[PDB]
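Novice: coords please:
(chains A, B, C, D, E, F and G, ligands or ions: 21)
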Amino acid sequence: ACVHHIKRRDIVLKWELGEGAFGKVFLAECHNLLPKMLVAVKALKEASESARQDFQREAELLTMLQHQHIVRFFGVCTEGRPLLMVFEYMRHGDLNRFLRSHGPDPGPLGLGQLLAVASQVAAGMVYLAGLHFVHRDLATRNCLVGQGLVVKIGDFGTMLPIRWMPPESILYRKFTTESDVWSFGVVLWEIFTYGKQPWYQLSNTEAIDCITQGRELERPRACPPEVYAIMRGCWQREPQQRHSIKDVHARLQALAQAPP
Amino acid sequence: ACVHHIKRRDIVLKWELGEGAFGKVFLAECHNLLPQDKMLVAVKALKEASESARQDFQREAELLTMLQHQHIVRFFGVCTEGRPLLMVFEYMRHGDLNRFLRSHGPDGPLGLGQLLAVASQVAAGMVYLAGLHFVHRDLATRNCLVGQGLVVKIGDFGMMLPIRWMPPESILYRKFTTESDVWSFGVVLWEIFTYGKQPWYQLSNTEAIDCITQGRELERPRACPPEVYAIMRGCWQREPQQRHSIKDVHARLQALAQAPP
Amino acid sequence: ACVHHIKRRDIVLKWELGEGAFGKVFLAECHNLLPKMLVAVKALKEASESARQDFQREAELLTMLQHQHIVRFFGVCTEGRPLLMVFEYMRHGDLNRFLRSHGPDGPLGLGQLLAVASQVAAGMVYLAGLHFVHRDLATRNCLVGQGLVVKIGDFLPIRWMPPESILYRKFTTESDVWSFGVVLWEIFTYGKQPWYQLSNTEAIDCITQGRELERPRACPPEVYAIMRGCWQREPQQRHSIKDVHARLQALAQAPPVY
Amino acid sequence: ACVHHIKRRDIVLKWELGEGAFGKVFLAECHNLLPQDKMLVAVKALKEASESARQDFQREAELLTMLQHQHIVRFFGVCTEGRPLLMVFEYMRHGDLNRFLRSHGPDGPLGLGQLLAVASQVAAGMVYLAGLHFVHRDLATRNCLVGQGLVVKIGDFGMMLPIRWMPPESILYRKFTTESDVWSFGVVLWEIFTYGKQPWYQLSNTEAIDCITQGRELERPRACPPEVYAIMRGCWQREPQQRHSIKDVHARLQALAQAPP
Amino acid sequence: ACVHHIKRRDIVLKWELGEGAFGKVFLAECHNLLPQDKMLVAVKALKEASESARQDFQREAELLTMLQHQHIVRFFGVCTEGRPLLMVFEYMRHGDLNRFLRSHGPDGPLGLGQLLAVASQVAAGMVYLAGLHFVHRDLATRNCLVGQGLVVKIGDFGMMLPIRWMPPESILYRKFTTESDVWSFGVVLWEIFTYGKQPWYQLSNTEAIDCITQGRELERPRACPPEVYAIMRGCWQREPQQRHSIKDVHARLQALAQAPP
Amino acid sequence: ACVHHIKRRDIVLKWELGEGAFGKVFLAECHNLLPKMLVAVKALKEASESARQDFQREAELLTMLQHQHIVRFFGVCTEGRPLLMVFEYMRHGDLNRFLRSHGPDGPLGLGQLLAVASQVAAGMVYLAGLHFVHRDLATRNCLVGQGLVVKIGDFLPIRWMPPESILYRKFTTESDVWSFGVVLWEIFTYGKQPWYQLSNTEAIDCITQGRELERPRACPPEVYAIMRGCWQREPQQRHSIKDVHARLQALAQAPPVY
Amino acid sequence: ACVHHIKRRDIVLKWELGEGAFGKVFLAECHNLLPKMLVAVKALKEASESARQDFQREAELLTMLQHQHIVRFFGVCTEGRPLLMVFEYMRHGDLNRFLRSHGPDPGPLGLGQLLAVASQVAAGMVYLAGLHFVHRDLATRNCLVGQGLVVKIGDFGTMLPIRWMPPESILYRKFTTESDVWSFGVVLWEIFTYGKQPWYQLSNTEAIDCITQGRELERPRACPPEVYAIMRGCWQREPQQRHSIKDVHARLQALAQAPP
Ligand SMILES: CC(C)Oc1cc(Nc2nc(N[C@@H](C)c3ccc(F)cn3)ncc2Cl)[nH]n1
Ligand SMILES: CC(C)Oc1cc(Nc2nc(N[C@@H](C)c3ccc(F)cn3)ncc2Cl)[nH]n1
Ligand SMILES: CC(C)Oc1cc(Nc2nc(N[C@@H](C)c3ccc(F)cn3)ncc2Cl)[nH]n1
Ligand SMILES: CC(C)Oc1cc(Nc2nc(N[C@@H](C)c3ccc(F)cn3)ncc2Cl)[nH]n1
Ligand SMILES: CC(C)Oc1cc(Nc2nc(N[C@@H](C)c3ccc(F)cn3)ncc2Cl)[nH]n1
Ligand SMILES: CC(C)Oc1cc(Nc2nc(N[C@@H](C)c3ccc(F)cn3)ncc2Cl)[nH]n1
Ligand SMILES: CC(C)Oc1cc(Nc2nc(N[C@@H](C)c3ccc(F)cn3)ncc2Cl)[nH]n1
Ligand SMILES: [Zn+2]
Ligand SMILES: [Zn+2]
Ligand SMILES: [Zn+2]
Ligand SMILES: [Zn+2]
Ligand SMILES: [Zn+2]
Ligand SMILES: [Zn+2]
Ligand SMILES: [Zn+2]
Ligand SMILES: [Zn+2]
Ligand SMILES: [Zn+2]
Ligand SMILES: [Zn+2]
Ligand SMILES: [Zn+2]
Ligand SMILES: [Zn+2]
Ligand SMILES: [Zn+2]
Ligand SMILES: [Zn+2]
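Specialist: Residues are numbered from 1 along each chain as shown, chains lettered A, B, ... in the order given. Ligands and ions are numbered 1, 2, ... in the order given. The relevant structure is shown in the block below.
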């Protein structure tokens, strides 16, 4: 087997963890995978041939990716139904639902914790940029939280995440590394607002207006100005002026070791 | 193999355990399935040889292989290359729960601590299902099985409407959810405590449907304490959102099983 | 397996090394390939069928071609997307970029320059002995590894082409020596583009009207005699690659130093 | 596998040994083919990727795997799944017999005991063929190979007419038999003793065909004793039934090889 | 041809008459369809190009070609080789009956002799259907059309449940018959006399379904004589066997149309 | 035959009229098409299958669309290469080139300019009444025939696009009026490119920030009121094409003259 | 039938007229074609599917072409063997064989006759250029001669006519309208030399040398300088400086009415 295959008979389902557009994610016990262990099992609903292709293709890419801050892929089973993709279990779920339930609405995550969360997401994004891979949908809803506040990028995939997109992506549909930094800036903003929807008051069309008009999201209260500088560096009008995710990660890593 | 395949040459049929719409269930010996040689198993043998049926059977197998719980019937494997199509499960010697209830009732019958253990056990199976967001759609005692030690498990997944066990929202607005399954479980509790009596037995399908649709609840069984009948009643709320959680229903039943009134 | 298969699952991408027309090359870690190690992964963008069979055939040839100065082919996977070809990792990148970096814009000495040249020529002798015509020999298509190891890394580049290939479209092992001559020039000019002053058109006129490239500042006359030997107008009058390599190897070990 | 398959990953090409119409022959190393690791082999690499050609190549391989004789080139295996199509044989370092003869002649040359051993060796190969009722149809020194120790073997099976080596019955009445092969062997003897000279070299194809058709025999070579030229003459009878048996031809040559005139 | 085919080159689109789920309806000119050259027609142009949809469309055409009645919309032909799929019908200039009723009401409106002629005309169409044992399943004024001369015809055949127009047996026990169609016609009579008001407009789908299921009838409209409301009531019996025959319903309405109260 | 077929043999090419992305348009003589005549032949370069079925469908629509101000579709041949679509010949070419030619670089008068505009609007009323959204209405896509007959000739042109189509990708009959407004401007500026001073990017910023195009020198205020009516930011607040056409037709017959 | 079909049964073959690469051209009698007549029948040898396609495609193009100086196409029959294409009969054969047998090697064609031949070929070429169609192989071997010195373009179709090609076609394989004028210039030269091979002394490689070197063919003896001016206008180095075939035709037409 070329991509790793996980036998259905080795997967015992425990309970549902959550729902995506694609279908369902369960907690499972997986027997004989590393020398029983808990795993997350993504199970596809669609069952068609177009979707079965995309699923295989995703498994094909993901077997080759491997990083401390990308969710660990274990294998696939595409012969049979539902189509299964198995990953490491991150018990605290998605980063957006986590921020919202660990903020003011132990107490809220402290500044240093927020900077650790930001730094981990950024680290994942340096791996992707270095691979010349464009995510296109970086958002806190697409990140996962493990025990002990380990955070990893959890998902890689017309519907558009318009509030996270820069002007040039809204207008010209150009997705690059530098549009991913833009989205990262908005991720920073989500982190420091404890999971708020960017431009939440506004409707989608009003959000587009603001983004296209050059209007920046406000500095969150929990957000020190040096972090807001980082946001603004992600939010330059011209893509080539925008900071590298590498610079962005370094700056946050430095900030997280000796916080202001 | 991805799903466990059971070789026909490893099965010897003993006698028929029962019949269904799908075909037949036999008691069989199975050679080298688990690490002694021979062991007794139940073999679901499919009537139709249709390619559509052969698919569904394949689909069913690749669901059940991933399920596993103390209160769901254990699935061992399948063979779909040949006739009849075979699915192998653990042998539950006392057969289906409905016929069992009717057999160990006033027509010694089953005590309270016993009838409670039976209901607790079904509920456990149903917590597993609800936790998976799996909707059963046909929970009834005819679809549960009883093994040695009064072990009881969910035995069938349905696969024509069981209108009497259905709540108003499933009949009228055609909605099947995890809370339509707690309803049916309520009707299952009623089955257990009436020793397998059909719900609304005097009534026909045309009038049962009217009865439930207007909010007429089932009468309390003789053998049934009113704390128990409360659990049934919590399952029978008109509005789905009001109904009890199977987790809670099960917690109560597991409680009453330790301290029986 | 007939061609060696690299299981997708034994690959972990590290980062992109460079881009081609074919797609992308990545640095990866490879799990149990020889009795963890670093490899170069060629990932094809095309995904079609013309290109998918073309990739298989390329792998079927490369599997049998081994030489100390041809980049090592480890294996393939065409069962999946993207199509993968895995090679040895040559840490210093293409030889043109390397020449530009280690040039006067600390420079490599005569003996290093001659080692580079000797290695490219060794790869070219293997090819000519197989009767394989390269057609696109240029420093951009060679790779540099640890220790100044240099190998041929890739298989109209008019500036490297002789008159018969421009005019009459004849490609032979003797047109390959011509190109090697031009490669020698690139090495000794620290990676300069041949005929850089002129444009894509006025260069072909220069090649056609018998004009030879200037002797580079860093180039001993005995090396220029090698180039000039590659650059005879008559294909059969051109020096054999085998004699060119012999000479360059001798001079790399025992140089003229100025 | 039925025919031995040689994995591409076990072949490393060294350099081209020569060209044919089929494609190319290379010297290669072969890893684990016979019980040491590496050994030198010759690799016939096919130009055409046609499905008809791919079949013929497959057909050729499944003949040659069954052949084996000291004086037929040893076939090791094939690979037909991939491009180019590969057939692997033993390496004969001195190449084809014609170019060898021309190289070790007056243009020290080859002695009599040597030239006889060469002819004896070809004949041995041809006895094997006649004993199998296999008709070669294109025996000529260009189709034999020479290895270390002056070992000589049949190297090619033909696979456009070699009119000069053909007898009148093959030209006129188009008949190819085991006795048209002894004819050609006679012309091969003439090749050996002229050190690789083309038969009827001054003549063109149009007139060679006339020459043989009217019964004009080839002239005796300088280096050739008349007992030897007798053997050639026995091969050149107008009537096939009159011609010598390759077994006898070989017996004579093996005799003269021990006691050279 | 078996079904009349209308060549695309004979249709010129004028403007869109309306939209449906299927796609769009246009007013078009049609050249040489009936023995003058040009005539106005309605063209149903299908959105989906699916092969399953293309079949259904073909199936629909080969039913409608056999139907013909003064009070069913006249079908002229089809073209299914090309996109979009086309079905051609007679042009009914005043559009659907619901929007017409709303337009010629208190929000001069329509008299009694008029509203009666409208209901008589629908009923006539429905007698034809019942006589063929054809069950409509979705009779409503939105599915009737109005042409010049206040001519009204059934315009659509349905092709998601119109729960408000459905009787209890169709909701509960899922039974569609000719008598579930007289029910719906009763609700159509109510539509006509309320000038196109939605039945149970204050109520939502969840509660309408409860309302009809328990036997709550619709209120008598202002413009509606009680002899007329009797006809509606005859259509609304709980038991299908008790309901009036559309033939009788139509006879009454044709009677009242001559002698209006 | 369901769609009208033009037999290849009834066509004789005269010369090329122009080029598109689709391929080429030729002037041809057509033999027995209506009870010899000149036609425009659209010959498709693509020849594939995606494009070959696309061409058939285009013909299947066009066959049913007839209007005095939509270029007349005569027939098709997809049985052969190249794929052919035959239309009426509009001798004066595209309306943009025509406006540039007959402009101050003898000029058309107010009444002629208004006739041109009225004709384009008439074509747009037919389309909007069919609920057909054009998406690319510009003078380059209209044709001029003998007698100043003007018709719509073809089915991101950001400069003709309204804010909702740039920003939110919404294309409606009300975005088509917006484009018609811009067409009015082109007519009255004798074929000038809207926002010609600015570039492809600074124009979209101008559209987005509510900036209207300047009233052309040749443009009476009552015509500018028409444009401005097409150029309301709110789609539902924009004038209907039917009212725009009524007005322009009235003004073409009874102009303000200055 | 979309392209005109000629029934085999209406074609009676008379004798072979000549040979192409494609096969044979016969003289035939064709019954019921215009209201018996002689026609030339091109018959394909190859018989494959690749070639049967190209044949259909050629017939598809040629049914739409029609000009006084392009050979008249009548129809095709592709169902059956050989594949047949029928054209008008031009009884004097190809223009090259005609020049060679009507020159010094009535007497030779006079200047005015040579200018009529040139003008007719040019006229054919104005039609092609106006259609934006590139011939790629204009040569006298590809023209036909009818009774009364009517001359038409006879053929429209790696092997390269290198002596007729300009540098930019030799080097870059760019074939345009302006490379067709180049070839026309060489056609003029063939006409005024009574059918001589351009660069006949030289080999193909030597011809390429001369063309690439910028060396022009010499003025033929039968050629007045005003005609040689026309040749030179076809032979400019830069394609955009080269004269239009329209100008070239006018100049020759003027020269043929009032010859110098
Ligand atoms: C890539 C996924 C299958 O790996 C996961 C997910 C979890 N745990 C949880 N996942 C979810 N929701 C899923 C749909 C999800 C997946 C990816 C993502 F970025 C966000 N959300 N909800 C709760 C948990 Cl505990 N472990 N491994
Ligand atoms: C899932 C089944 C095949 O596993 C079983 C059945 C038994 N024992 C018996 N089963 C039956 N009737 C069968 C048709 C049945 C299956 C499922 C169910 F929920 C109820 N009834 N009759 C008698 C016996 Cl002893 N063991 N394992
Ligand atoms: C044949 C290739 C896959 O083997 C390689 C490449 C490297 N390292 C690098 N390669 C490149 N650029 C690639 C596109 C390349 C490949 C071949 C070639 F001749 C020139 N350039 N850039 C940087 C590095 Cl470090 N190792 N093995
Ligand atoms: C059957 C062949 C592949 O086995 C061989 C050939 C050699 N060595 C050489 N072969 C040749 N020419 C080849 C084409 C050849 C093959 C057969 C034959 F009868 C004559 N020539 N040229 C040089 C050498 Cl060294 N070894 N084994
Ligand atoms: C069966 C139809 C195509 O025949 C028609 C429709 C009309 N006129 C109009 N139709 C509509 N809406 C269409 C969608 C419709 C069709 C059937 C139906 F029962 C109700 N509505 N809107 C306006 C008009 Cl004028 N004539 N013939
Ligand atoms: C729809 C076309 C085939 O109908 C035409 C075109 C003409 N005449 C001319 N067309 C053109 N350019 C073509 C590409 C064109 C087509 C449509 C369009 F809207 C604009 N341009 N150029 C000159 C002429 Cl004379 N008649 N009929
Ligand atoms: C296009 C052709 C079939 O039309 C022709 C040819 C003739 N007459 C003659 N053709 C030939 N040779 C043929 C091969 C030929 C065809 C075209 C061309 F440009 C040159 N040569 N030889 C003698 C005659 Cl009489 N009539 N119609
Ligand atoms: Zn599997
Ligand atoms: Zn890249
Ligand atoms: Zn089996
Ligand atoms: Zn769920
Ligand atoms: Zn693989
Ligand atoms: Zn070779
Ligand atoms: Zn192989
Ligand atoms: Zn025999
Ligand atoms: Zn049709
Ligand atoms: Zn019936
Ligand atoms: Zn046609
Ligand atoms: Zn619409
Ligand atoms: Zn025919
Ligand atoms: Zn063109």
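Novice: quick one: is stretch A:136-153 near chain C?
Specialist: No. Remark: stretch A:136-153 sits outside contact range of chain C, by C-beta under 8 Å from any C-beta of the partner chain, the gap being at least 14.7 Å. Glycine gets a C-beta too; all of them are placed from N, C-alpha and C.
Novice: From the chain's centre, how far out is that stretch? Work that out for me.
Specialist: For stretch A:136-153, the gap between its own C-alpha mean and the chain's C-alpha mean amounts to 5 Å (C-alpha atoms, centre = their mean, to the nearest Å).
Novice: can you give me phi and psi for the closest residue to chain G within chain A?
Specialist: In chain A, no residue comes nearer to chain G than residue A:49, which is 31.7 Å away by C-beta to the nearest C-beta. Residue A:49 has phi and psi values of phi -100, psi -30 when expressed as degrees, to the nearest 10.
Novice: Where do the helices of chain A begin and end?
Specialist: A:49-62, A:95-100, A:111-130, A:167-170, A:177-192, A:204-213, A:225-234, A:245-257 (DSSP state H).
Novice: Would the longest one count as contacting chain C?
Specialist: It stands for helix A:111-130. Yes. For helix A:111-130 and chain C, the contact criterion (C-beta under 8 Å from any C-beta) is met by A:127, A:130.
Novice: Using CSV, write down the CA coordinates of that helix.
Specialist: Once side chains and other backbone atoms are set aside, the C-alpha atoms of helix A:111-130 remain, and they are given as CSV (Å, rounded to 0.1, in the frame of the first residue of the first chain):
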residue,chain,number,x,y,z
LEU,A,111,-1.5,37.3,27.1
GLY,A,112,1.3,34.7,27.1
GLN,A,113,-1.1,31.9,26.4
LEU,A,114,-2.6,33.9,23.4
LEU,A,115,0.9,34.4,22.1
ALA,A,116,1.6,30.7,22.3
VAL,A,117,-1.6,29.9,20.4
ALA,A,118,-0.6,32.5,17.7
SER,A,119,2.9,31.3,17.5
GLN,A,120,1.9,27.6,17.0
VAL,A,121,-0.5,28.6,14.1
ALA,A,122,2.2,30.8,12.6
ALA,A,123,4.7,27.9,12.8
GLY,A,124,2.2,25.6,10.8
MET,A,125,2.0,28.4,8.3
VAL,A,126,5.8,28.7,7.8
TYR,A,127,5.8,25.1,6.9
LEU,A,128,3.0,25.6,4.2
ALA,A,129,4.6,28.8,2.8
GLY,A,130,8.0,27.0,2.6
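Novice: residues contacting the residue of chain A closest to chain G?
Specialist: Applying C-beta atoms under 8 Å, 6 or more residues apart in numbering or on different chains to residue A:49 gives no contacts.
Novice: Could you tell me how far it is located from ligand 21?
Specialist: Using C-beta to the ion, to the nearest Å, one gets 42 Å for the distance from residue A:49 to ligand 21.
Novice: now do residue A:15
Specialist: Per C-beta to the ion, residue A:15 is found 67 Å from ligand 21.
Novice: Over to residue A:96?
Specialist: Here the criterion is C-beta to the ion. By it, residue A:96 lies 56 Å from ligand 21.
Novice: Could you count how many residues lie near that residue?
Specialist: Neighbours of residue A:96 under the rule other C-beta atoms under 10 Å in any protein chain shown: 20.
Novice: Could you do the one 3 residues further on as well?
Specialist: Residue A:99 has 23 neighbouring residues, counting by other C-beta under 10 Å.
Novice: Contacts only, for the residue lying closest to it once chain neighbours are set aside.
Specialist: Leaving out its chain neighbours, the residue that sits closest to residue A:99 by C-beta to C-beta, 6 or more residues apart in numbering or on different chains is residue A:195, at 3.4 Å. Going by C-beta under 8 Å, 6+ apart, residue A:195 touches A:95, A:96, A:97, A:98, A:99, A:100, A:103, A:140.
Novice: Could you verify my assumption that residue A:253 touches residue A:120?
Specialist: No. Residue A:253 is not in contact with residue A:120 according to C-beta atoms under 8 Å; the separation is 9.9 Å.
Novice: the more surrounded of the two?
Specialist: residue A:120 (24 against 16).
Novice: which residues does that one contact?
Specialist: Counting by C-beta under 8 Å, 6+ apart, residue A:120 touches A:69, A:150, A:151, A:152.
Novice: need the contact list for the first one.
Specialist: Spelled out, that is residue A:69. Here residue A:69 is in contact with A:120, A:121, A:123, A:124, A:127, A:151, A:152, A:153 (criterion: C-beta under 8 Å, 6+ apart).
Novice: And residue A:61, how far from residue A:99?
Specialist: From residue A:61 over to residue A:99 the distance is 28 Å, taken as C-beta to C-beta, to the nearest Å.
Novice: Please save the CA atoms from stretch A:211-221 in CSV.
Specialist: In CSV, the C-alpha atoms belonging to stretch A:211-221 read as follows (Å, rounded to 0.1, in the frame of the first residue of the first chain):
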residue,chain,number,x,y,z
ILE,A,211,-12.0,45.4,3.1
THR,A,212,-12.1,47.0,-0.4
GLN,A,213,-12.3,50.5,1.1
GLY,A,214,-9.0,49.9,3.0
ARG,A,215,-10.6,49.9,6.5
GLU,A,216,-8.6,47.9,9.2
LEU,A,217,-10.2,45.8,12.0
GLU,A,218,-9.8,47.6,15.4
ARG,A,219,-7.1,46.8,18.0
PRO,A,220,-8.7,44.3,20.4
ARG,A,221,-8.5,45.3,24.1
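Novice: Name the residues that touch that stretch?
Specialist: Contacts made with stretch A:211-221 from outside it, assessed by C-beta under 8 Å, 6+ apart, are listed as A:162-163, A:165-167, A:170-171, A:186, A:189, A:192-193, A:196, A:198-199, A:225, A:228, A:231-232, A:235, A:237, F:167, F:208-209.
Novice: Show me which residues of chain A sit near ligand 9.
Specialist: Residues of chain A lying close to ligand 9 (C-beta under 5 Å from the ion) are residue A:132.
Novice: I'd like to know how many residues surround the residue of chain A found nearest chain D.
Specialist: Ranking the residues of chain A by distance to chain D (C-beta to the nearest C-beta) places residue A:2 first, at 17.2 Å. Summarising burial for residue A:2: neighbours were counted as other C-beta under 10 Å, giving 16.
Novice: how's chain A carved up into domains?
Specialist: Chain A breaks down into these structural domains: A:1-89, A:90-255 (assignment by curated CATH domains).
Novice: Make a markdown table from those and add distance to ligand 18 to it.
Specialist: Listed next are those as a markdown table, based on distance: least, C-beta to the ion, whole Å:
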| stretch | distance to ligand 18 |
| --- | --- |
| domain A:1-89 | 35 |
| domain A:90-255 | 39 |
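Novice: Can you say which of the ones you listed is nearest to ligand 14?
Specialist: Counting by C-beta to the ion, ligand 14 lies closest to domain A:1-89 out of those; the figure is 18.9 Å.
Novice: Strands of the stretch 1-150 of chain A, start to end?
Specialist: A:11-19, A:23-30, A:37-44, A:73-77, A:83-88, A:143-146, A:150-153 (DSSP state E, counting those that start in this stretch).
Novice: what would the ones you listed look like in JSON lines with mean neighbour count?
Specialist: What follows is the strands of the stretch 1-150 of chain A, written out as JSON lines (neighbours: other C-beta atoms under 10 Å in any protein chain shown):
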{"stretch": "strand A:11-19", "mean neighbour count": "17"}
{"stretch": "strand A:23-30", "mean neighbour count": "19"}
{"stretch": "strand A:37-44", "mean neighbour count": "20"}
{"stretch": "strand A:73-77", "mean neighbour count": "22"}
{"stretch": "strand A:83-88", "mean neighbour count": "22"}
{"stretch": "strand A:143-146", "mean neighbour count": "23"}
{"stretch": "strand A:150-153", "mean neighbour count": "21"}
